[PDB]
Amino acid sequence: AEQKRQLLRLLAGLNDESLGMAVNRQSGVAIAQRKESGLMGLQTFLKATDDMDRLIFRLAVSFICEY
Amino acid sequence: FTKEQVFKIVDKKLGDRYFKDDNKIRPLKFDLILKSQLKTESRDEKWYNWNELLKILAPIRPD
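Structure determination for this PDB entry was carried out by cryo-EM, with a resolution of 3.6 Å recorded in the header.

Right under this line is the structure:
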């Protein structure tokens, strides 16, 4: 039970627990900044969210420039 | 890419530096070198290059 309880955090990409380090890595928003990379396991989810945000804002710009 | 297609994308200076032709981009064989880098937007890369160039050129030639 303890082994599968650790494997539950492992399988969801929550290994390399540096989320608290990663949010303090996103303090610099100065002019030209990258993602300032932390985790690797959840990056598929973040990338899918980024692509859906890009499609959402393309549609929103197409509505704003039209109405 | 036609000439008006090119001039809708790039700036006026970047278009005028290449077309002094025959209204077509004609690159030769031994003209370009492909260098891989991280995918970044052009203004951010130019901003970082401007920053390092102004931090390099400050002691050697201030004027």
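And the narrative resumes.
Caption draft 1: Inspection of the overall build of chain B at higher detail. When its secondary structure is counted, chain B shows 3 helices and 0 strands. Taking 2.2 N^0.38 as the reference for a compact globule, 63 residues should give roughly 11 Å; the C-alpha atoms of chain B span a radius of gyration of 16 Å, well beyond that estimate. By its C-alpha atoms, chain B is 45 × 30 × 25 Å across when sized along the principal axes.

Caption draft 2: Region of interest: unusual backbone geometry. In this structure, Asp 22 of chain B is a non-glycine residue whose phi angle is positive, near 60°. Examined against the element boundaries, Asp 22 of chain B turns out to sit in the loop between α2 (12-18) and α3 (42-60).

Caption draft 3: Structural detail: the packing of aromatic side chains. Residue and element names in this part refer to chain B. Tallying each qualifying case throughout the model produces 2 aromatic pairs over all chains. A centroid spacing of 5.0 Å and a plane angle of 70° characterise the contact between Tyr 18 and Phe 19, whose relative ring orientation is edge-to-face. Residue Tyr 18 is classed as partly exposed on the basis of its relative accessible area of 43%. For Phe 19, a relative accessible area of 17% gives the class buried. Through pairs of rings, three or more aromatic residues link up here, namely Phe 7, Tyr 18 and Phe 19. Over the face of the ring belonging to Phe 19 we find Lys 3, whose NZ or CZ atom lies 4.8 Å from the ring centre.

Reading guide: rules and limits
The scheme used for residues numbers each chain from 1 in its written sequence order. That scheme is not guaranteed to match the entry numbering, and residues without coordinates are omitted from view. Here every chain gets a letter starting at A, and every ligand a number starting at 1, in the order they are written. The full assembly is larger than what is shown, and all values describe the shown chains rather than the whole. Remark: hydrogens and water are excluded; side-chain values derive from all non-hydrogen atoms of the structure. Residues with missing side-chain atoms are left out of burial classes, side-chain pairs and their counts. What counts as a helix is a DSSP run of H or I of at least four residues, what counts as a strand is a run of E of at least two, and both are numbered from the N terminus. For this measure, only C-alpha atoms enter the radius of gyration; the expected value for a globule follows 2.2 Å times N^0.38, where N is the number of residues. In this scheme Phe, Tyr and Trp rings, the latter by its six-membered ring, pair at centre separations within 6.5 Å, and the angle between planes marks the pair as stacked below 30 degrees, edge-to-face above 60, and tilted otherwise. Relative accessibility thresholds used throughout: buried, under 20% of the residue-type maximum; exposed, over 50%; partly exposed, between the two (1.4 Å probe, protein chains only). By definition here, charges over rings are those cases where NZ of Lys or CZ of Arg is within 6 Å of the ring centre and within 35 degrees of the ring normal.

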